[PDB]
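*Asks:*
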Amino acid sequence: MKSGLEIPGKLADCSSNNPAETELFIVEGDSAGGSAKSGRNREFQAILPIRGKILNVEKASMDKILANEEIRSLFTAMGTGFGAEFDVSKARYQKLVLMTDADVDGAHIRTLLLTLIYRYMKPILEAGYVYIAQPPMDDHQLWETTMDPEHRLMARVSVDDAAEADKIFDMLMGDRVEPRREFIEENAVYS
Amino acid sequence: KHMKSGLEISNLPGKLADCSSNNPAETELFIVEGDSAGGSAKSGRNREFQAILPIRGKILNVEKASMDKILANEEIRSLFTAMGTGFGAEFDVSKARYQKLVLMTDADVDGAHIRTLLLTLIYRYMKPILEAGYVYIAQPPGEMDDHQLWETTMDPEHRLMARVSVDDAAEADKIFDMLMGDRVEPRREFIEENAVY
Amino acid sequence: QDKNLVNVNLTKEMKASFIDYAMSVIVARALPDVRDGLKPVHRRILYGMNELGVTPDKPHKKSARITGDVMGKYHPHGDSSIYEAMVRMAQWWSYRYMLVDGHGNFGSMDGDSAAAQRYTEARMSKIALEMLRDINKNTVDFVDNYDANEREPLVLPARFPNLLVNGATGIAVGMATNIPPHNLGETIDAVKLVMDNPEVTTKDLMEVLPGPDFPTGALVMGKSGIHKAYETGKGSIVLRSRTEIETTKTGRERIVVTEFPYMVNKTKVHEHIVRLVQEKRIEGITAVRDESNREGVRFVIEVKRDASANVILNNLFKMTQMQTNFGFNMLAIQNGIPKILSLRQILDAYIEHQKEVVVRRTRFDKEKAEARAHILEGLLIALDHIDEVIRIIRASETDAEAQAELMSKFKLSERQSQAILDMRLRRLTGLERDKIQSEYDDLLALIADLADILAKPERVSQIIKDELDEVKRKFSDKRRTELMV
Amino acid sequence: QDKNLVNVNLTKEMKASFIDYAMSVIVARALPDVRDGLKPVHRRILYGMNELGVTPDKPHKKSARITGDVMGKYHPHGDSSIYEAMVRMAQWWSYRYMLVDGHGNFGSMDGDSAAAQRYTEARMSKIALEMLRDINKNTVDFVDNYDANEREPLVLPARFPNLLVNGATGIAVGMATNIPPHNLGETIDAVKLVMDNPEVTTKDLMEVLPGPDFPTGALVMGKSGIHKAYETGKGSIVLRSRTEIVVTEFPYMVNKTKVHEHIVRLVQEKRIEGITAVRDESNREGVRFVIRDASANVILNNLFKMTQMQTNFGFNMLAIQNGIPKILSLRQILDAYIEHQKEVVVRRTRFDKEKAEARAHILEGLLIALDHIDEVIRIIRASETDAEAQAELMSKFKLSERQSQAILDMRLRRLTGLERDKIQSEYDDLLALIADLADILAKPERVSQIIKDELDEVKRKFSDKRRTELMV
DNA sequence: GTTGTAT
DNA sequence: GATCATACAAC
DNA sequence: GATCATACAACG
DNA sequence: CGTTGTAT
Ligand SMILES: N[C@@H]1[C@H]2CN(c3nc4c(cc3F)c(=O)c(C(=O)O)cn4-c3ccc(F)cc3F)C[C@@H]12
Ligand SMILES: N[C@@H]1[C@H]2CN(c3nc4c(cc3F)c(=O)c(C(=O)O)cn4-c3ccc(F)cc3F)C[C@@H]12
Ligand SMILES: [Mg+2]
Ligand SMILES: [Mg+2]
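The listed protein sequences correspond, in order, to chains D, C, A and B.
Under the authors' numbering, residues 403 to 409, 413 to 541, 590 to 644 are what the first sequence spells out, in order.
Under the authors' numbering, residues 401 to 541, 588 to 643 are what the second sequence spells out, in order.
Under the authors' numbering, residues 2 to 486 are what the third sequence spells out, in order.
Under the authors' numbering, residues 2 to 245, 256 to 302, 306 to 486 are what the fourth sequence spells out, in order.
1. So, is the C-beta of D/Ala608 closer than 7 angstroms to a C-beta in chain A?
2. Do D/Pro454 and D/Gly444 come within 7 angstroms of each other at the CB atom, strictly closer than that value?
3. List in chain order the residues whose CB is within less than 5 angstroms of at least one heavy atom of ligand 2.
4. Let me check one thing: in DSSP terms, what residues is B/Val221 bridge-paired to?
5. Note down, in chain order, each residue of its chain lying with its Cβ closer than 8 angstroms to the Cβ of A/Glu292, except the 5 sequence neighbours on either side.
6. If you compare alpha carbons, which of A/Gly328, A/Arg36 and A/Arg30 is closest to A/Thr140?
7. Does the beta carbon of D/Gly627 sit closer than 7 angstroms to a beta carbon anywhere in chain B?
8. Taking Cβ-Cβ distances shorter than 8 angstroms, what residues in chain A pair up with B/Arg392?
9. Closer than 6 angstroms by C-beta to C/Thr599: which residues in its own chain qualify, once you throw out the five before and the five after it? Chain order, please.
10. Applying a beta-carbon distance threshold of less than 7 angstroms, which residues of chain D neighbour A/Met176?
11. Which residues, in order along the segment 405-417 of chain C, keep a beta-carbon less than 7 angstroms from a beta-carbon of chain A?
12. May I ask which residues mark the beginning and end of the beta strand (DSSP E) holding A/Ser114?
13. Can you have a look at residue 303 of chain B and say buried or exposed, based on whether 16 or more other CB atoms are within 10 angstroms of its CB?
14. To be precise: take each residue of the segment 375-408 of chain B, compare its Cβ to all Cβ atoms of chain A, and keep it if any distance is under 8 angstroms. Which residues remain?
15. Hey, would you say B/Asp34 sits closer than 7 angstroms to B/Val156, going by beta carbons?
16. Relative to the C-alpha of A/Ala117, which candidate in A/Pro41, A/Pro57 and A/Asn106 has its C-alpha closest?
17. Kindly provide the ranges of any alpha helix (DSSP H) runs that are 4 or more residues long and lie completely inside the segment 425-466 of chain C, ordered along the chain.
18. With three or more beta-carbon pairs closer than 8 angstroms as the criterion, would you say the segment 176-196 of chain A touches the segment 56-64 of chain A?
19. Kindly list the residues whose CB is nearer than 8 angstroms to the CB of A/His386, restricted to its own chain and excluding five residues on each side of it in sequence; keep chain order.
20. Can you check whether the CB of B/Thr121 is closer than 7 angstroms to the CB of B/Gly103?
21. Residues of chain C with CB closer than 7 angstroms to the CB of B/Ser18, please, in chain order.
22. Closer than 8 angstroms by beta-carbon distance: list the chain C residues that pair up with residue 500 of chain A, in chain order.
23. So A/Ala420 and A/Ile376 are in contact, right, with Cβ under 8 angstroms, and what is the actual spacing, rounded?
24. Hey, A/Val265 and A/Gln324: beta-carbon distance below 7 angstroms or not?
25. Which residues in the same chain as residue 412 of chain D place their Cβ atom closer than 7 angstroms to its Cβ, once the five residues preceding and following it in sequence are excluded?
26. Which residue from B/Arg290, B/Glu232 and B/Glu378 puts its Cα closest to that of B/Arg434?
27. How would you call B/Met485, buried or exposed, if buried means at least 16 neighbouring beta carbons within 10 angstroms?
28. Tell me which residue opens and which closes the alpha helix (DSSP H) that A/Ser25 is part of.
29. Quick one: is C/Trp596 buried, meaning 16 or more other Cβ sit within 10 Å of its Cβ, or exposed?
30. With 7 angstroms as the threshold, decide whether the Cβ of A/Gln279 is near any Cβ in chain C.
31. For a test of the three-state rule: what should DSSP assign to D/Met626, helix, strand or coil?
32. Would you mind giving the Cβ-Cβ distance between C/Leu412 and C/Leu501, rounded to the nearest angstrom? I have them listed as a contact below 8 angstroms.
33. Taking the alpha-carbon positions, what's the D/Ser478 to C/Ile514 distance?
34. Note the first and the last residue of the continuous beta strand (DSSP E) segment covering D/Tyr536.
35. Which one of A/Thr170, A/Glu254 and A/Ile46 has the shortest CA to CA distance from A/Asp70?
36. Which parts of the segment 360-402 of chain B are runs of the alpha helix (DSSP H), unbroken and 4 residues or longer, counting only runs that do not cross its ends?
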């Protein structure tokens, strides 16, 4: 456990210094952050609000990527580094849970965060540090449902074929629009 | 027939829907409250002799604010920048961009307060302008329609304005020291003696 | 750590989450419905306003009140997103035919943002009422709201082709729609034309519907793209600002703009010109002054001596947004699926939806007209046998027995029996019968007429045509955008 | 250049403009009514929620739905200004007895703000319903709203001493009020003890009401200030935190996080040794603030004297009584409430009284009609017009206009046998009711009893255990 | 600075 | 949606 | 209340 | 890059 008195603006950090049991929850908005922070067990669980929609790194200039405040906050939290400073042996958390809202917009933020993680934090995903919350709200509502280790249900993100993975991201969240609209016309039942 | 031609740098505030003319003897500077009224003023103001300068929120009470805080205030700075008169040891009334400074605050009680905060600023740090008879107060018959705001308060052919005149500077200096002074006792005693519930 | 942990494939989860957000945006946010030409938020604002009772007849209500009920009953999103969507359909430059009458600062053409909701008040426009006409006669299906405690309409009646008339846009996922506004009367003429002569070709339709009619006006250059868009749903068009050269009181040329292109900010082009004039990218300009008033747009670009206004004019057309291009991408939701439809396909889709609305209404009117006459038949026989009726009642202890006897004695249904039992004594006067007879007789006529309309498809079309003529007769405008070659 | 210009003195406009904003902020914004202990905003939110139908029994409604109405009908201000007030009425650390039941993120004791109105829904509190009891029986006066298109109550019934129970605050113009919360039961005891022995003293009142009872608990050192507060209406008190080094309860209006941040700053300034650690192990049910060779008692004593672990509360019981702001004492506040409670009961009783008598009058006519249903039908059936039919019935059976109308609007299914005996049963019961309500208005002693009895009912249903332990 | 209704 | 200044009294 | 970045397609 | 309009 930490001792405090040390030194992001947001991100309610826990009280432990063991990146083997500690967990970081990436939730969307401060509206969700308050509910999650008011019942997270301030010991091995820290929360970090992602304000607005995360930048699609699969279509953004690397200059804009390094400029995004939101990505800078997430990387600053993990303490892994970036690119050449990628040190997975220095991650401040062994459990990065993505907790987006149940609505479609939350689902979109899940895909964005996944692309960001898969592209510039692959050593994390390759090590199985990334999870996805499985919500079925008050403080005890989120705690006794999704934030309690004794209960709850997690979704360990695991990649099978990197080639298929690299293709999926490029197809869906890539620059080429035509290949995307085709996938919509193919795998989608409306009526 | 003097006027403008765009393309100029100006370096004026981000807001301030400045007019087209450049004659500080006909042009008018409207200090409105918020962009809700500013937009209604900015659109339908005869963009030739009437400039709209939106003030956001309540202006700092200069009577209870340190000078280091007054020089830091952005809203007041945007006001002196619009007039182009100068501050303190540079206040030149003979270089003001507008000979008609029309205070146009909301018709609600709060508008009367912002109107009070302005007059103190205009009397404490822009005295020469008031003593020259430039500061006027609009007399509306507010977030009204475009054609409504002009046809009632902005059109000089039908509008009714009031010229702020100072009688006794002694009584004036006392009124501001009491109503907006740091003293709360004299103010509470004033409100208790001059209020009809 | 955790106990029950599952495993999710990255490629699997990503495709699922994206496919969800994809369809969600397509058929439930971005693109509009081909029938009423409305998107979810626009339809919920209109319907929400209808229930709020803010019709053209009634007074205005605070904007915060309107978005408060729409967001709390129909549209499960941010308050601002609803207010902005409302303000836009109250601006004459944004909507070819406004659907919202506002009071207060609703923004300007110069990109000015409307005042906060706690200042502006709005209500339905007179024409917007046509979008809701006969909404309560079961002409549109309804569905549960997001909260599952309120019922909203999937579509609206829409008694005027709102899609072609107000256009659409546009950005979704993997796709994007872009439809230009059209003249009301012209669009209605197009509808009527396609109804009387099914073998009408695109050219024949363009005879009554020449092309786009933007709210600001301006000019259209090249009609080749117009025919291409109507026949394929895709096409490119050139939009140019209406201008004219004046001579100053000194004797030099004066470039005057009066109608910029659609969705083009005057001030934005004003800043763009100074940025080009002070950059030496365009020389010959003496001054650029905006003299536009609250009664007309006047953007003057005076030229110096020994400088051609035409040379500077075309340069502004080619370097500024004073002349842009409109990318026809007529995409709309039809049969739950997003489709790129042509002009005939959009019209035929409106005429069909128009036929269904009229039939549903006729049925509803018929079903209610007869249900009333049935009761009138009961109340009549009751008023004929008031004594024996009053005797059966008073001699009964329970209403169930009293009703049962009336049904058996006078041969009346359960509904007719209750109607007699609920009769006020004031209905037992002498002049009360002749009144009920006059009403009943009128019901017989209406039921006959409505029975015929549902029996003859020829009448339903004629009813649509006649009703359309009334819409145009009351709301149609004169053409603003001049199309030229 | 103007055409019709007028001259206005600087001093004249200043005095006029200032007095306008002063009185408007004093008697309609910052200060609560001594009656219902509410400010204009809170009173509008309650009545707003009431009209919208977000009662404790009914389901919640999105805040945007509530704020949307309270703004467009009563409170002509901002969304944030209203929603911020509503959130305060739903936080257990804000109000000793919450007036709002909200679902979702409504902030924390760490200073965390509430969520957007698009995520949180709410409704009236159970005890909050007491504030609106018999609001539909002409118990309170109503006025037109700012738009003049709606009507709102100038004050709620308030079946419990809301002012002394929840408190009041605060900042106005030239004046500022500050009243601490009290126990619901303790306060109700004071109101009754006052109704019993008007010759009571300050010391006597403090026998049933020790002092404040803040929703955070903690402790109040000293009692001398509590006496001067209840007597003069002004005074000071010291609030200490409950510790055991772990802090369990912080004083009123004190942020745990802020105290934590200030403790870290004081630790990195050599202004206090021993500070090995200072964590915050507070849960969703328990709050724990954890703070060799340091004695602790010397460091802890310094933390309370330097930080915010021990704050001072200044009594300034200011409220609006009879349109004017006055510095009231405890007795003055109780009297102002007891009188308001008497006005409502009387008003309510008169309302039931007038309604029952009116019902009986129309009931008398119906019986008269049912007894002569034969001729009544004969008159109506031979009637030329409804106007003539009413005139005849009034002349024949000697009935009023209302009674005659009540007969003409009689459904045939009411002309059965068992119907008559059913109306007599209802009628005979009303005579006892009207006779009962008459005695209540004739005897002031009962109105006082009705208030007491209905108060003990509130104390029995909503009163809690004392949270703040007083010390010396 | 901090408290809470306001611009 | 989060964040930014400010009046107003009183510690 | 004013501002601030971003997804998304398409034309610039 | 910027802009369009519903969304976070
Ligand atoms: N670092 C980035 C913050 C978020 N940004 C904006 N956010 C807006 C808005 C505008 C923004 F610039 C809105 O306009 C809005 C709304 O509901 O209208 C919600 N939000 C909004 C704010 C926070 C959030 F988590 C989600 C949102 F949709 C910009 C800077
Ligand atoms: N230079 C100063 C501007 C004004 N500031 C704030 N304004 C807020 C608010 C908060 C502010 F920091 C509000 O919170 C608010 C509201 O209605 O809740 C309205 N407003 C508000 C904004 C603009 C305006 F004209 C009037 C207002 F009341 C900060 C900078
Ligand atoms: Mg927004
Ligand atoms: Mg605010």
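Yeah, the Cβ is synthetic: ideal placement off N, Cα and C, and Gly gets one too.
*Replies:* Concretely, from the data shown:
1. Judged by the 7 angstroms Cβ criterion, D/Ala608 is in contact with chain A.
2. Cβ distance not < 7 angstroms, so D/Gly444 and D/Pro454 don't count as in contact.
3. Taken from the N-terminal end onward, the list reads C/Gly434, C/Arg456, C/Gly457, B/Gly79 and B/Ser81.
4. Paired residues: B/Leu240 and B/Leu484.
5. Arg299, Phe300 and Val301.
6. Nearest in C-alpha terms to A/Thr140, of all of A/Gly328, A/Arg36 and A/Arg30, is A/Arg36.
7. D/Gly627 does not count as touching chain B.
8. Result: empty, since nearest Cβ-Cβ is about 10 angstroms, beyond 8 angstroms.
9. Sequence-distant partners of C/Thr599 (beyond 5 residues in either direction) whose C-beta falls short of 6 angstroms from its own C-beta, in its chain, are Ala538, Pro540 and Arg605.
10. Chain-ordered, the chain D residues with CB closer than 7 angstroms to the CB of A/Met176 read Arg634.
11. Those residues of the segment 405-417 of chain C that come within reach of chain A (Cβ to Cβ, closer than 7 angstroms) are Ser405, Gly406 and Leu407.
12. Unbroken run through A/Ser114: none, as it is neither H nor E.
13. Here residue 303 of chain B is not present, the numbering of chain B passing from 302 to 306 in one jump.
14. Those residues of the segment 375-408 of chain B that come within reach of chain A (Cβ to Cβ, closer than 8 angstroms) are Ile387, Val390, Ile391, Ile394, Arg395, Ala396, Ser397, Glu398, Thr399, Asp400 and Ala403.
15. Yes, the Cβ-Cβ distance between B/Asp34 and B/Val156 is below 7 angstroms.
16. The shortest Cα separation from A/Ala117 among A/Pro41, A/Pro57 and A/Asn106 belongs to A/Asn106.
17. Listed in chain order, they are 434-442.
18. The segment 176-196 of chain A vs the segment 56-64 of chain A: no contact.
19. Once the five neighbours on either side are set aside, the close Cβ partners of A/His386 are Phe411.
20. Taking 7 angstroms as the cut-off, the beta carbon of B/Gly103 is found closer than this to the beta carbon of B/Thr121.
21. Chain C residues near B/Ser18: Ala512, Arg515 and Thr516.
22. The shown model of chain A, from 2 to 486, leaves out residue 500 of chain A, and the question about it has no answer.
23. Indeed, because the Cβ distance is near 5 angstroms, the residues count as touching under 8 angstroms.
24. The answer is no: Cβ separation not under 7 angstroms.
25. Examination of chain D shows a numbering gap from 409 to 413; residue 412 of chain D is inside it and therefore has no coordinates.
26. Its Cα nearest to that of B/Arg434, the residue B/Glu378 stands out among B/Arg290, B/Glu232 and B/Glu378.
27. When all chains shown are included, B/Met485 counts as exposed.
28. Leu11 to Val26 is the extent of the alpha helix (DSSP H) around A/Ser25.
29. Result: buried.
30. Yes, its Cβ sits closer than 7 angstroms to a Cβ of chain C.
31. D/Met626 falls in the coil class under three-state DSSP.
32. Contact annotation, C/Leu412 with C/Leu501: C-beta distance approximately 16 angstroms; criterion of less than 8 angstroms not satisfied.
33. So the alpha carbons of these two residues sit roughly 40 angstroms apart.
34. It spans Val535 to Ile537 - the beta strand (DSSP E) in which D/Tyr536 sits, taken as one unbroken run.
35. Nearest in C-alpha terms to A/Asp70, of all of A/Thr170, A/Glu254 and A/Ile46, is A/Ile46.
36. Counting whole runs of 4 or more residues, the segment 360-402 of chain B contains the alpha helix (DSSP H) stretches 387-395.
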